[PDB]
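J.: So here's coords_15.txt, just compact mmCIF, N, CA and C atoms:
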```txt
# COMPACT_ATOMS: atom_id res chain seq x y z
N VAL A 1 -37.87 87.32 165.67
CA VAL A 1 -37.36 85.93 165.37
C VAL A 1 -35.88 85.84 165.76
N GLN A 2 -35.47 84.70 166.33
CA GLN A 2 -34.09 84.48 166.80
C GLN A 2 -33.75 82.98 166.71
N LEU A 3 -32.56 82.69 166.22
CA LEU A 3 -31.97 81.34 166.17
C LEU A 3 -30.60 81.39 166.84
N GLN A 4 -30.27 80.45 167.71
CA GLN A 4 -28.92 80.41 168.32
C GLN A 4 -28.41 78.96 168.41
N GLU A 5 -27.28 78.68 167.77
CA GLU A 5 -26.66 77.33 167.75
C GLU A 5 -25.79 77.19 168.99
N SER A 6 -25.62 75.97 169.46
CA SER A 6 -24.62 75.61 170.49
C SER A 6 -24.22 74.15 170.31
N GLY A 7 -23.12 73.72 170.96
CA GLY A 7 -22.68 72.32 171.00
C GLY A 7 -21.49 72.05 170.07
N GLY A 8 -21.01 73.05 169.33
CA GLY A 8 -19.82 72.92 168.47
C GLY A 8 -18.57 72.56 169.28
N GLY A 9 -17.57 71.97 168.64
CA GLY A 9 -16.31 71.63 169.29
C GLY A 9 -15.45 70.73 168.44
N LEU A 10 -14.39 70.22 169.05
CA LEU A 10 -13.41 69.32 168.42
C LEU A 10 -13.88 67.90 168.70
N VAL A 11 -13.92 67.06 167.67
CA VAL A 11 -14.39 65.65 167.76
C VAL A 11 -13.31 64.78 167.11
N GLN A 12 -13.04 63.61 167.68
CA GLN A 12 -12.16 62.55 167.11
C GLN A 12 -12.90 61.88 165.94
N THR A 13 -12.19 61.50 164.89
CA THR A 13 -12.76 60.74 163.76
C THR A 13 -13.50 59.51 164.29
N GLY A 14 -14.74 59.29 163.83
CA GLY A 14 -15.65 58.23 164.24
C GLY A 14 -16.55 58.62 165.40
N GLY A 15 -16.36 59.81 165.96
CA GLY A 15 -17.10 60.31 167.13
C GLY A 15 -18.48 60.87 166.79
N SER A 16 -19.17 61.31 167.83
CA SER A 16 -20.55 61.83 167.80
C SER A 16 -20.53 63.22 168.39
N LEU A 17 -21.49 64.01 167.99
CA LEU A 17 -21.67 65.37 168.52
C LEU A 17 -23.13 65.75 168.34
N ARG A 18 -23.71 66.41 169.33
CA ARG A 18 -25.10 66.89 169.20
C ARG A 18 -25.13 68.43 169.21
N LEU A 19 -25.65 69.03 168.15
CA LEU A 19 -25.80 70.49 168.08
C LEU A 19 -27.23 70.81 168.49
N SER A 20 -27.42 71.96 169.12
CA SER A 20 -28.75 72.53 169.46
C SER A 20 -28.92 73.86 168.74
N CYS A 21 -30.17 74.13 168.39
CA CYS A 21 -30.63 75.41 167.81
C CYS A 21 -31.83 75.85 168.62
N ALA A 22 -31.68 76.90 169.42
CA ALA A 22 -32.79 77.51 170.17
C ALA A 22 -33.50 78.50 169.25
N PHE A 23 -34.81 78.38 169.13
CA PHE A 23 -35.56 79.26 168.21
C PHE A 23 -36.63 80.03 169.00
N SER A 24 -37.03 81.20 168.50
CA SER A 24 -38.18 81.98 169.05
C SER A 24 -38.78 82.88 167.97
N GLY A 25 -40.08 83.18 168.09
CA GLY A 25 -40.82 84.20 167.31
C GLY A 25 -41.63 83.66 166.14
N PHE A 26 -41.92 82.35 166.05
CA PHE A 26 -42.80 81.74 165.01
C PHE A 26 -44.19 81.45 165.60
N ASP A 27 -46.68 80.42 162.15
CA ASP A 27 -46.86 79.83 160.79
C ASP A 27 -46.06 78.52 160.66
N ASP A 28 -45.93 78.01 159.44
CA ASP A 28 -45.44 76.65 159.15
C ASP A 28 -43.97 76.78 158.76
N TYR A 29 -43.09 76.82 159.75
CA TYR A 29 -41.63 77.02 159.56
C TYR A 29 -40.89 75.68 159.59
N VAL A 30 -39.85 75.63 158.78
CA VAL A 30 -38.78 74.59 158.78
C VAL A 30 -37.55 75.17 159.48
N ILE A 31 -36.90 74.38 160.33
CA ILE A 31 -35.52 74.65 160.83
C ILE A 31 -34.60 73.66 160.11
N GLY A 32 -33.58 74.19 159.45
CA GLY A 32 -32.57 73.39 158.73
C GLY A 32 -31.19 73.60 159.32
N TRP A 33 -30.33 72.61 159.13
CA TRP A 33 -28.89 72.66 159.39
C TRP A 33 -28.17 72.77 158.06
N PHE A 34 -27.23 73.72 157.98
CA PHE A 34 -26.45 74.04 156.76
C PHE A 34 -24.98 74.12 157.19
N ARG A 35 -24.05 73.67 156.37
CA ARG A 35 -22.64 73.76 156.79
C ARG A 35 -21.82 74.45 155.71
N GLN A 36 -20.79 75.17 156.12
CA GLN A 36 -19.94 75.96 155.19
C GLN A 36 -18.48 75.81 155.63
N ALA A 37 -17.68 75.17 154.82
CA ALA A 37 -16.22 75.10 155.05
C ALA A 37 -15.61 76.42 154.58
N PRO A 38 -14.45 76.84 155.13
CA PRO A 38 -13.80 78.09 154.71
C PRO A 38 -13.73 78.26 153.19
N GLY A 39 -14.19 79.41 152.70
CA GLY A 39 -14.18 79.78 151.27
C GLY A 39 -15.11 78.95 150.38
N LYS A 40 -16.04 78.16 150.96
CA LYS A 40 -16.99 77.32 150.18
C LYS A 40 -18.42 77.84 150.35
N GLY A 41 -19.38 77.29 149.61
CA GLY A 41 -20.80 77.68 149.77
C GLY A 41 -21.45 76.94 150.93
N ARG A 42 -22.67 77.34 151.30
CA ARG A 42 -23.46 76.66 152.35
C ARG A 42 -24.17 75.44 151.77
N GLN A 43 -24.05 74.31 152.45
CA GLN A 43 -24.62 73.03 152.00
C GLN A 43 -25.72 72.59 152.98
N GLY A 44 -26.91 72.26 152.48
CA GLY A 44 -27.99 71.73 153.33
C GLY A 44 -27.60 70.36 153.88
N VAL A 45 -27.79 70.16 155.17
CA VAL A 45 -27.46 68.89 155.87
C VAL A 45 -28.73 68.11 156.23
N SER A 46 -29.62 68.72 157.00
CA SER A 46 -30.90 68.07 157.41
C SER A 46 -31.88 69.15 157.81
N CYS A 47 -33.18 68.97 157.55
CA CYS A 47 -34.21 69.97 157.92
C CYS A 47 -35.42 69.27 158.51
N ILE A 48 -36.10 69.96 159.40
CA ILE A 48 -37.33 69.46 160.06
C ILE A 48 -38.44 70.51 159.95
N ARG A 49 -39.62 70.02 159.61
CA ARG A 49 -40.87 70.81 159.67
C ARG A 49 -41.38 70.85 161.11
N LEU A 50 -41.40 72.00 161.76
CA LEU A 50 -41.78 72.07 163.19
C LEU A 50 -43.21 71.54 163.38
N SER A 51 -44.11 71.73 162.40
CA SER A 51 -45.50 71.19 162.48
C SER A 51 -45.49 69.74 162.01
N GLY A 52 -45.42 68.82 162.96
CA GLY A 52 -45.50 67.37 162.68
C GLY A 52 -44.17 66.64 162.66
N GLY A 53 -43.03 67.32 162.55
CA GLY A 53 -41.70 66.67 162.70
C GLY A 53 -41.20 65.92 161.47
N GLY A 54 -41.80 66.12 160.30
CA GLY A 54 -41.31 65.52 159.04
C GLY A 54 -39.91 66.04 158.74
N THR A 55 -39.08 65.22 158.10
CA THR A 55 -37.62 65.47 158.00
C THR A 55 -37.15 65.16 156.58
N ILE A 56 -36.07 65.80 156.21
CA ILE A 56 -35.42 65.57 154.90
C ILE A 56 -33.92 65.71 155.13
N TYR A 57 -33.16 64.84 154.49
CA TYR A 57 -31.71 64.68 154.71
C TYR A 57 -30.96 64.79 153.40
N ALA A 58 -29.84 65.49 153.43
CA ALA A 58 -28.76 65.38 152.43
C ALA A 58 -28.26 63.93 152.41
N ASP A 59 -27.88 63.43 151.24
CA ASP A 59 -27.40 62.03 151.11
C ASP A 59 -26.34 61.70 152.17
N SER A 60 -25.41 62.59 152.45
CA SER A 60 -24.28 62.24 153.35
C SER A 60 -24.73 62.19 154.82
N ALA A 61 -25.87 62.78 155.15
CA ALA A 61 -26.47 62.81 156.50
C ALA A 61 -27.33 61.56 156.77
N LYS A 62 -27.83 60.90 155.72
CA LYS A 62 -28.80 59.79 155.85
C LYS A 62 -28.22 58.67 156.74
N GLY A 63 -29.01 58.19 157.70
CA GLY A 63 -28.58 57.06 158.56
C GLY A 63 -27.81 57.59 159.76
N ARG A 64 -26.73 58.33 159.54
CA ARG A 64 -25.79 58.64 160.65
C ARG A 64 -26.16 59.94 161.38
N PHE A 65 -26.92 60.84 160.77
CA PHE A 65 -27.37 62.07 161.45
C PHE A 65 -28.87 61.94 161.67
N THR A 66 -29.34 62.48 162.77
CA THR A 66 -30.77 62.59 163.04
C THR A 66 -31.09 64.02 163.44
N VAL A 67 -32.06 64.61 162.75
CA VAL A 67 -32.55 65.95 163.16
C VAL A 67 -33.84 65.71 163.92
N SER A 68 -34.07 66.43 165.02
CA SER A 68 -35.31 66.28 165.82
C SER A 68 -35.68 67.63 166.43
N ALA A 69 -36.91 67.76 166.88
CA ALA A 69 -37.39 69.02 167.48
C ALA A 69 -38.06 68.69 168.80
N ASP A 70 -37.82 69.53 169.80
CA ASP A 70 -38.66 69.54 171.03
C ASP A 70 -39.38 70.88 171.02
N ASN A 71 -40.64 70.88 170.58
CA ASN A 71 -41.43 72.13 170.42
C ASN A 71 -41.63 72.76 171.80
N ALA A 72 -41.77 71.95 172.85
CA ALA A 72 -41.95 72.44 174.24
C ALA A 72 -40.73 73.28 174.63
N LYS A 73 -39.52 72.83 174.29
CA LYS A 73 -38.26 73.53 174.64
C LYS A 73 -37.88 74.53 173.55
N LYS A 74 -38.62 74.60 172.44
CA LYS A 74 -38.28 75.46 171.29
C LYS A 74 -36.82 75.23 170.93
N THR A 75 -36.41 73.97 170.87
CA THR A 75 -35.05 73.58 170.48
C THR A 75 -35.11 72.56 169.34
N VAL A 76 -34.25 72.72 168.35
CA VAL A 76 -34.06 71.66 167.31
C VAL A 76 -32.67 71.07 167.50
N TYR A 77 -32.51 69.76 167.36
CA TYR A 77 -31.20 69.09 167.55
C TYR A 77 -30.70 68.50 166.25
N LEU A 78 -29.39 68.49 166.06
CA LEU A 78 -28.75 67.62 165.04
C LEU A 78 -27.82 66.67 165.77
N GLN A 79 -28.20 65.41 165.84
CA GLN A 79 -27.32 64.37 166.41
C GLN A 79 -26.46 63.82 165.26
N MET A 80 -25.16 64.03 165.33
CA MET A 80 -24.20 63.52 164.35
C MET A 80 -23.46 62.32 164.97
N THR A 81 -23.16 61.33 164.13
CA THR A 81 -22.39 60.12 164.47
C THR A 81 -21.47 59.81 163.29
N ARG A 82 -20.48 58.94 163.51
CA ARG A 82 -19.51 58.50 162.48
C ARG A 82 -18.93 59.74 161.79
N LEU A 83 -18.50 60.73 162.57
CA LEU A 83 -17.99 61.99 162.00
C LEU A 83 -16.62 61.74 161.36
N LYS A 84 -16.34 62.49 160.31
CA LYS A 84 -15.07 62.39 159.57
C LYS A 84 -14.53 63.80 159.36
N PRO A 85 -13.23 63.93 159.00
CA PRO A 85 -12.66 65.23 158.67
C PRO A 85 -13.42 66.05 157.63
N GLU A 86 -14.03 65.40 156.64
CA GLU A 86 -14.85 66.10 155.61
C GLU A 86 -16.08 66.78 156.23
N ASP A 87 -16.42 66.50 157.49
CA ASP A 87 -17.60 67.06 158.18
C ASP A 87 -17.19 68.36 158.89
N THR A 88 -15.89 68.69 158.91
CA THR A 88 -15.38 69.94 159.52
C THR A 88 -15.97 71.14 158.79
N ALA A 89 -16.54 72.08 159.52
CA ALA A 89 -17.26 73.25 158.96
C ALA A 89 -17.88 74.05 160.08
N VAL A 90 -18.32 75.24 159.71
CA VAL A 90 -19.28 76.03 160.52
C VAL A 90 -20.65 75.44 160.19
N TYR A 91 -21.39 75.06 161.22
CA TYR A 91 -22.79 74.61 161.09
C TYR A 91 -23.69 75.76 161.53
N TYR A 92 -24.69 76.07 160.72
CA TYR A 92 -25.69 77.14 160.93
C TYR A 92 -27.05 76.50 161.06
N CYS A 93 -27.89 76.97 161.98
CA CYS A 93 -29.34 76.71 161.77
C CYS A 93 -29.98 77.89 161.03
N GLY A 94 -30.94 77.55 160.18
CA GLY A 94 -31.67 78.49 159.34
C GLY A 94 -33.15 78.17 159.39
N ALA A 95 -33.99 79.17 159.24
CA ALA A 95 -35.46 79.01 159.22
C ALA A 95 -36.00 79.46 157.88
N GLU A 96 -36.96 78.71 157.37
CA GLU A 96 -37.67 79.07 156.14
C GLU A 96 -39.12 78.59 156.26
N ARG A 97 -40.00 79.26 155.53
CA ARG A 97 -41.41 78.86 155.41
C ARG A 97 -41.39 77.56 154.64
N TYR A 98 -42.17 76.60 155.11
CA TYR A 98 -42.23 75.25 154.52
C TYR A 98 -42.39 75.32 153.01
N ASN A 99 -41.53 74.59 152.30
CA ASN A 99 -41.53 74.50 150.82
C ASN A 99 -41.52 73.02 150.52
N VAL A 100 -42.56 72.55 149.88
CA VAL A 100 -42.66 71.12 149.52
C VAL A 100 -41.56 70.70 148.53
N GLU A 101 -40.90 71.59 147.80
CA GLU A 101 -39.88 71.18 146.80
C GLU A 101 -38.57 70.85 147.53
N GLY A 102 -38.44 71.24 148.79
CA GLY A 102 -37.23 70.90 149.57
C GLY A 102 -36.86 71.95 150.57
N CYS A 103 -35.61 71.88 151.04
CA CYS A 103 -35.09 72.72 152.14
C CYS A 103 -33.92 73.57 151.63
N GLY A 104 -33.92 74.86 151.90
CA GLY A 104 -32.76 75.75 151.67
C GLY A 104 -32.94 76.63 150.45
N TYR A 105 -34.15 76.69 149.89
CA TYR A 105 -34.44 77.50 148.68
C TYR A 105 -34.70 78.96 149.07
N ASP A 106 -35.17 79.25 150.28
CA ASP A 106 -35.49 80.64 150.69
C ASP A 106 -35.30 80.79 152.19
N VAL A 107 -34.06 80.70 152.65
CA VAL A 107 -33.77 80.81 154.10
C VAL A 107 -33.93 82.28 154.50
N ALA A 108 -34.82 82.56 155.44
CA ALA A 108 -35.19 83.96 155.75
C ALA A 108 -34.41 84.42 156.99
N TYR A 109 -34.03 83.49 157.86
CA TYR A 109 -33.41 83.75 159.18
C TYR A 109 -32.23 82.80 159.40
N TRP A 110 -31.13 83.32 159.94
CA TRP A 110 -29.89 82.56 160.20
C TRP A 110 -29.47 82.72 161.65
N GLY A 111 -28.97 81.64 162.23
CA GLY A 111 -28.23 81.67 163.49
C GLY A 111 -26.85 82.28 163.27
N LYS A 112 -25.98 82.11 164.24
CA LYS A 112 -24.63 82.74 164.25
C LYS A 112 -23.55 81.76 163.81
N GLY A 113 -23.85 80.46 163.75
CA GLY A 113 -22.85 79.46 163.34
C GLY A 113 -22.10 78.91 164.54
N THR A 114 -21.73 77.63 164.49
CA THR A 114 -20.91 76.95 165.52
C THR A 114 -19.89 76.06 164.78
N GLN A 115 -18.62 76.20 165.13
CA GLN A 115 -17.50 75.48 164.47
C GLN A 115 -17.52 74.03 164.94
N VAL A 116 -17.53 73.12 163.97
CA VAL A 116 -17.30 71.67 164.21
C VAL A 116 -16.00 71.27 163.51
N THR A 117 -15.06 70.71 164.27
CA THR A 117 -13.74 70.27 163.76
C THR A 117 -13.56 68.80 164.11
N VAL A 118 -13.33 67.98 163.10
CA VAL A 118 -13.14 66.51 163.22
C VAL A 118 -11.71 66.18 162.80
N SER A 119 -10.93 65.55 163.67
CA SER A 119 -9.51 65.20 163.39
C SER A 119 -9.16 63.82 163.97
N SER A 120 -8.06 63.20 163.53
CA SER A 120 -7.37 62.10 164.26
C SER A 120 -5.96 62.55 164.68
N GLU B 1 -28.70 82.31 150.85
CA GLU B 1 -27.21 82.18 150.81
C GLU B 1 -26.78 80.69 150.75
N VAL B 2 -27.56 79.80 150.08
CA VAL B 2 -27.41 78.30 150.09
C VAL B 2 -27.07 77.76 148.70
N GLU B 3 -25.84 77.31 148.57
CA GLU B 3 -25.32 76.75 147.31
C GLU B 3 -26.06 75.46 147.00
N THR B 4 -26.30 74.61 148.01
CA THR B 4 -26.82 73.24 147.76
C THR B 4 -28.04 72.96 148.64
N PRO B 5 -29.25 73.33 148.18
CA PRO B 5 -30.45 73.01 148.92
C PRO B 5 -30.67 71.48 148.90
N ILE B 6 -31.52 70.99 149.79
CA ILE B 6 -31.91 69.55 149.82
C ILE B 6 -33.18 69.41 149.00
N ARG B 7 -33.12 68.77 147.82
CA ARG B 7 -34.29 68.65 146.92
C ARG B 7 -35.18 67.50 147.38
N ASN B 8 -36.49 67.73 147.41
CA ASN B 8 -37.51 66.68 147.60
C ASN B 8 -37.82 66.09 146.23
N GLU B 9 -37.52 64.82 146.01
CA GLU B 9 -37.74 64.23 144.67
C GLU B 9 -39.21 63.86 144.47
N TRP B 10 -40.03 63.91 145.52
CA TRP B 10 -41.50 63.66 145.45
C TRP B 10 -42.26 64.95 145.81
N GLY B 11 -42.06 66.01 145.03
CA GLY B 11 -42.65 67.34 145.27
C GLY B 11 -43.83 67.60 144.36
N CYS B 12 -44.20 68.87 144.21
CA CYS B 12 -45.36 69.27 143.38
C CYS B 12 -44.99 69.37 141.92
N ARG B 13 -43.91 70.10 141.66
CA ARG B 13 -43.45 70.40 140.28
C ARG B 13 -43.23 69.10 139.53
N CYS B 14 -43.69 68.98 138.29
CA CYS B 14 -43.47 67.73 137.51
C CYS B 14 -42.09 67.83 136.83
```
Would you mind writing the file out in structure tokens?

T.:
Amino acid sequence: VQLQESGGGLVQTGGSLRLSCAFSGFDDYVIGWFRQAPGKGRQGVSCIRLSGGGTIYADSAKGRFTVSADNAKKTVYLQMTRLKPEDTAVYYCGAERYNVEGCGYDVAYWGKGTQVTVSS
Amino acid sequence: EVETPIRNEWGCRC
């Protein structure tokens, strides 16, 4: 199993950024996006069930972020819009076996993280 | 390693 994030960078306040997570080696797995600011815990952002594309969002992600999967390309995307300084963090993709109670309760596999920095 | 999971409010557990 392998996860690799890309697309991190510096974004102007109000800007957009699309992150990619390349996955390999999968049963009924979820790919989630999690973010961690320096010295803070990991926060769930958005997750997708690879079987059927069902999605779940953190309140702050609703509307302005979209998580999607291209199973053919084995890539999951997080399209971010209306970015703000509070969105600055390392973003990780994580994989877990589908859990109907939600996303991020038993993350078994982690990517390497990609820095997102939002400034004016 | 997740401080804040995303809870499904329409899950199995009552």

J.: In Å to one decimal, how far is CA of residue 22 (chain A) from CA of residue 96 (chain A)?

T.: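 So the answer is 14.9 Å.
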
J.: Taking only C-alpha atoms into account, which residues of chain A are within 10 Å of chain B, as a list in words?

T.: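 Here is what falls inside 10 Å: residues 32, 34, 35, 36, 40, 41, 42, 43, 44, 45, 46, 47, 56, 57, 58, 59, 99, 100, 101, 102, 103, 104, 105, 106, 107, 108 and 110 of chain A.
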
J.: Pull N, CA and C atoms from the residues just selected and write them as a CSV table (one decimal), in the coordinates of the input.

T.:
```
chain,number,residue,atom,x,y,z
A,32,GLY,N,-33.6,74.2,159.4
A,32,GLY,CA,-32.6,73.4,158.7
A,32,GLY,C,-31.2,73.6,159.3
A,34,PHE,N,-27.2,73.7,158.0
A,34,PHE,CA,-26.4,74.0,156.8
A,34,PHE,C,-25.0,74.1,157.2
A,35,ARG,N,-24.0,73.7,156.4
A,35,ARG,CA,-22.6,73.8,156.8
A,35,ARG,C,-21.8,74.4,155.7
A,36,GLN,N,-20.8,75.2,156.1
A,36,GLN,CA,-19.9,76.0,155.2
A,36,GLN,C,-18.5,75.8,155.6
A,40,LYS,N,-16.0,78.2,151.0
A,40,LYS,CA,-17.0,77.3,150.2
A,40,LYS,C,-18.4,77.8,150.4
A,41,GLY,N,-19.4,77.3,149.6
A,41,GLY,CA,-20.8,77.7,149.8
A,41,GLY,C,-21.4,76.9,150.9
A,42,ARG,N,-22.7,77.3,151.3
A,42,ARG,CA,-23.5,76.7,152.4
A,42,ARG,C,-24.2,75.4,151.8
A,43,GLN,N,-24.0,74.3,152.4
A,43,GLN,CA,-24.6,73.0,152.0
A,43,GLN,C,-25.7,72.6,153.0
A,44,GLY,N,-26.9,72.3,152.5
A,44,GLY,CA,-28.0,71.7,153.3
A,44,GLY,C,-27.6,70.4,153.9
A,45,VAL,N,-27.8,70.2,155.2
A,45,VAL,CA,-27.5,68.9,155.9
A,45,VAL,C,-28.7,68.1,156.2
A,46,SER,N,-29.6,68.7,157.0
A,46,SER,CA,-30.9,68.1,157.4
A,46,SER,C,-31.9,69.2,157.8
A,47,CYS,N,-33.2,69.0,157.6
A,47,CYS,CA,-34.2,70.0,157.9
A,47,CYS,C,-35.4,69.3,158.5
A,56,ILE,N,-36.1,65.8,156.2
A,56,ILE,CA,-35.4,65.6,154.9
A,56,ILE,C,-33.9,65.7,155.1
A,57,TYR,N,-33.2,64.8,154.5
A,57,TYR,CA,-31.7,64.7,154.7
A,57,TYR,C,-31.0,64.8,153.4
A,58,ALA,N,-29.8,65.5,153.4
A,58,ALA,CA,-28.8,65.4,152.4
A,58,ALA,C,-28.3,63.9,152.4
A,59,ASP,N,-27.9,63.4,151.2
A,59,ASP,CA,-27.4,62.0,151.1
A,59,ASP,C,-26.3,61.7,152.2
A,99,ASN,N,-41.5,74.6,152.3
A,99,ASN,CA,-41.5,74.5,150.8
A,99,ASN,C,-41.5,73.0,150.5
A,100,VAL,N,-42.6,72.6,149.9
A,100,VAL,CA,-42.7,71.1,149.5
A,100,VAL,C,-41.6,70.7,148.5
A,101,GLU,N,-40.9,71.6,147.8
A,101,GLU,CA,-39.9,71.2,146.8
A,101,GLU,C,-38.6,70.8,147.5
A,102,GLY,N,-38.4,71.2,148.8
A,102,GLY,CA,-37.2,70.9,149.6
A,102,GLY,C,-36.9,72.0,150.6
A,103,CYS,N,-35.6,71.9,151.0
A,103,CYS,CA,-35.1,72.7,152.1
A,103,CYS,C,-33.9,73.6,151.6
A,104,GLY,N,-33.9,74.9,151.9
A,104,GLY,CA,-32.8,75.8,151.7
A,104,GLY,C,-32.9,76.6,150.4
A,105,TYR,N,-34.2,76.7,149.9
A,105,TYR,CA,-34.4,77.5,148.7
A,105,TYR,C,-34.7,79.0,149.1
A,106,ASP,N,-35.2,79.2,150.3
A,106,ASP,CA,-35.5,80.6,150.7
A,106,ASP,C,-35.3,80.8,152.2
A,107,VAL,N,-34.1,80.7,152.6
A,107,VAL,CA,-33.8,80.8,154.1
A,107,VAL,C,-33.9,82.3,154.5
A,108,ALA,N,-34.8,82.6,155.4
A,108,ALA,CA,-35.2,84.0,155.8
A,108,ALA,C,-34.4,84.4,157.0
A,110,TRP,N,-31.1,83.3,159.9
A,110,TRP,CA,-29.9,82.6,160.2
A,110,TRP,C,-29.5,82.7,161.6
```

J.: Between CA of residue 8 (chain A) and CA of residue 119 (chain A), what distance in Å does the model show, to one decimal?

T.: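 Those two atoms sit 13.8 Å apart.
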
J.: Would you return as an MDAnalysis selection string the members of chain B that DSSP assigns to strand (DSSP E or B) on this structure's backbone?

T.: chainID B and resid 2:4 6:7

J.: Emit the selected residues as a PDB file, keeping the file's coordinate frame, including N, CA and C atoms.

T.:
```pdb
ATOM      1  N   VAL B   2     -27.560  79.800 150.080  1.00  0.00           N
ATOM      2  CA  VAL B   2     -27.410  78.300 150.090  1.00  0.00           C
ATOM      3  C   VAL B   2     -27.070  77.760 148.700  1.00  0.00           C
ATOM      4  N   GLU B   3     -25.840  77.310 148.570  1.00  0.00           N
ATOM      5  CA  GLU B   3     -25.320  76.750 147.310  1.00  0.00           C
ATOM      6  C   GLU B   3     -26.060  75.460 147.000  1.00  0.00           C
ATOM      7  N   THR B   4     -26.300  74.610 148.010  1.00  0.00           N
ATOM      8  CA  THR B   4     -26.820  73.240 147.760  1.00  0.00           C
ATOM      9  C   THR B   4     -28.040  72.960 148.640  1.00  0.00           C
ATOM     10  N   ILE B   6     -31.520  70.990 149.790  1.00  0.00           N
ATOM     11  CA  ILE B   6     -31.910  69.550 149.820  1.00  0.00           C
ATOM     12  C   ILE B   6     -33.180  69.410 149.000  1.00  0.00           C
ATOM     13  N   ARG B   7     -33.120  68.770 147.820  1.00  0.00           N
ATOM     14  CA  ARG B   7     -34.290  68.650 146.920  1.00  0.00           C
ATOM     15  C   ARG B   7     -35.180  67.500 147.380  1.00  0.00           C
TER      16      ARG B   7
END
```

J.: Can you measure CA of residue 115 (chain A) to CA of residue 7 (chain A) for me? One decimal in Å is fine.

T.: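 CA of residue 7 (chain A) lies at a distance of 8.9 Å from CA of residue 115 (chain A).
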
J.: Which is closest to residue 82 (chain A) among A:51, A:6, A:13, A:20, if we use all atoms listed in the file?

T.: A:13

J.: Could you give me the residues within chain A that DSSP places in helix (DSSP H, G or I), as a list in words?

T.: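 DSSP on the backbone gives helix (DSSP H, G or I) at residues 59, 60, 61, 85, 86 and 87 of chain A.
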
J.: Of the candidates A:116, A:2, A:16, A:10, which one gets nearest to residue 87 (chain A) if we count all atoms listed in the file?

T.: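 Closest candidate: A:116.
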
J.: As a short mmCIF file (atom, residue, chain, number, x, y, z; two decimals), keeping the file's coordinate frame, please: region 2-14 of chain B completed to N, CA, C and O atoms.

T.:
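This went into out.cif:
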```cif
data_model
loop_
_atom_site.label_atom_id
_atom_site.label_comp_id
_atom_site.auth_asym_id
_atom_site.auth_seq_id
_atom_site.Cartn_x
_atom_site.Cartn_y
_atom_site.Cartn_z
N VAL B 2 -27.56 79.80 150.08
CA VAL B 2 -27.41 78.30 150.09
C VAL B 2 -27.07 77.76 148.70
O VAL B 2 -27.96 77.66 147.81
N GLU B 3 -25.84 77.31 148.57
CA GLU B 3 -25.32 76.75 147.31
C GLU B 3 -26.06 75.46 147.00
O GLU B 3 -26.43 75.27 145.82
N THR B 4 -26.30 74.61 148.01
CA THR B 4 -26.82 73.24 147.76
C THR B 4 -28.04 72.96 148.64
O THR B 4 -27.92 72.39 149.72
N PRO B 5 -29.25 73.33 148.18
CA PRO B 5 -30.45 73.01 148.92
C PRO B 5 -30.67 71.48 148.90
O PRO B 5 -30.02 70.77 148.11
N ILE B 6 -31.52 70.99 149.79
CA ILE B 6 -31.91 69.55 149.82
C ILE B 6 -33.18 69.41 149.00
O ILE B 6 -34.20 69.88 149.47
N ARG B 7 -33.12 68.77 147.82
CA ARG B 7 -34.29 68.65 146.92
C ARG B 7 -35.18 67.50 147.38
O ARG B 7 -34.68 66.40 147.68
N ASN B 8 -36.49 67.73 147.41
CA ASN B 8 -37.51 66.68 147.60
C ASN B 8 -37.82 66.09 146.23
O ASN B 8 -38.38 66.82 145.38
N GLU B 9 -37.52 64.82 146.01
CA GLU B 9 -37.74 64.23 144.67
C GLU B 9 -39.21 63.86 144.47
O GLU B 9 -39.63 63.68 143.31
N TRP B 10 -40.03 63.91 145.52
CA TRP B 10 -41.50 63.66 145.45
C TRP B 10 -42.26 64.95 145.81
O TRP B 10 -43.01 64.97 146.78
N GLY B 11 -42.06 66.01 145.03
CA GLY B 11 -42.65 67.34 145.27
C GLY B 11 -43.83 67.60 144.36
O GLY B 11 -44.40 66.66 143.82
N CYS B 12 -44.20 68.87 144.21
CA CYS B 12 -45.36 69.27 143.38
C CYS B 12 -44.99 69.37 141.92
O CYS B 12 -45.74 68.85 141.09
N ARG B 13 -43.91 70.10 141.66
CA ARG B 13 -43.45 70.40 140.28
C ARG B 13 -43.23 69.10 139.53
O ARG B 13 -42.59 68.22 140.11
N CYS B 14 -43.69 68.98 138.29
CA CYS B 14 -43.47 67.73 137.51
C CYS B 14 -42.09 67.83 136.83
O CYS B 14 -41.89 68.37 135.77
#
```
